[PDB]
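Here's a solo chain for you in structure tokens, the form deposited in one PDB entry.
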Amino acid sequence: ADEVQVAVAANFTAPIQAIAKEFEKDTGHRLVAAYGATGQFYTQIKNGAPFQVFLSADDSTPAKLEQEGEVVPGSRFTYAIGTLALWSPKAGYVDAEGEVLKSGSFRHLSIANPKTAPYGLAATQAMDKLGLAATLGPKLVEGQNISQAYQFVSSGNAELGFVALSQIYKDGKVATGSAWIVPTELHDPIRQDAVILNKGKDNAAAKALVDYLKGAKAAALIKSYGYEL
């Protein structure tokens, strides 16, 4: 039973580690994961990489690799859908329906740059749908990615941030601080897509992993880590 080398967006580290234990216990395939930012794997796969499967934190980068013939054509699918959360490390700062955001009664709001970060785009889409973009604009602090957006609500001076639910979840619930989980109607789906790389075209272990991700056991872990299927 061969191993499968997988490139995993760091957003998805904890779930793939849990999936890997079950995947190996149930199939004998050993899962060898590298973790990093989506763009780091994009540059590597373009330049030549050993992976047979790539789990992106977006859907545009797998699609670009397909357009470039660098991964198996037709292999792209959505393995997880991210969830956007309004979060503070302060207990009880964020009320259950997010009225703290909707009032505008706060000093700074941390977000990711929408041009490059899917969880940043979700935030700006939600603010636009609520009519809050212009009046909250002066309070925004923008980071390059969702990791920076989350860190700033902790080590920087923002009381609120639009973060990935997966950043604040443990064991199926928000682990610390306080959050408002943004309804799906307020933004486009935060699709996280996977592809099989040219190297994995005829690799049974690659196909087994990708289909395992589409199964019921994987779905249950994925939900508990803060995603939708």
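Each residue number is its position in the shown sequence, starting from 1.
Across the two stretches, 56-64 and 176-184, the PDB entry reports the greater mean Cα temperature factor for 56-64.
Relative to its counterpart among 26-34 and 47-55, 26-34 has the higher mean temperature factor, C-alpha atoms as listed in the PDB entry. Taking only the listed residues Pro73, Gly82, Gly131, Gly104, the entry reports the highest CA temperature factor at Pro73.
The PDB entry assigns its highest CA temperature factor, among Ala204, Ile168, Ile190, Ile196, to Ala204. In the PDB entry, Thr116 places in the highest third of its chain by CA B-factor. In this PDB entry, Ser155 carries a Cα temperature factor that places it within the highest third of its chain's modelled residues.
In the PDB entry, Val4 places in the highest third of its chain by CA B-factor. When the modelled residues of the chain are ordered by their C-alpha B factor, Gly39 lands in the middle third. Per-chain ranking of the deposited C-alpha B factor places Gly98 in the lowest third.
One more form of this protein, deposited in another entry, exists but is not displayed; see below.
Summary of the rigid-body analysis between this form and the one not shown: the C-alpha atoms of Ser88 and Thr184 are best fitted by the same part's superposition. In the other entry, the Cα atoms of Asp171 and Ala14 sit 3 Å or more farther from each other than they do here.
Put simply, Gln17 and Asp171 spread apart in the other entry: their C-alpha atoms are 3 Å or more farther than in the form shown.
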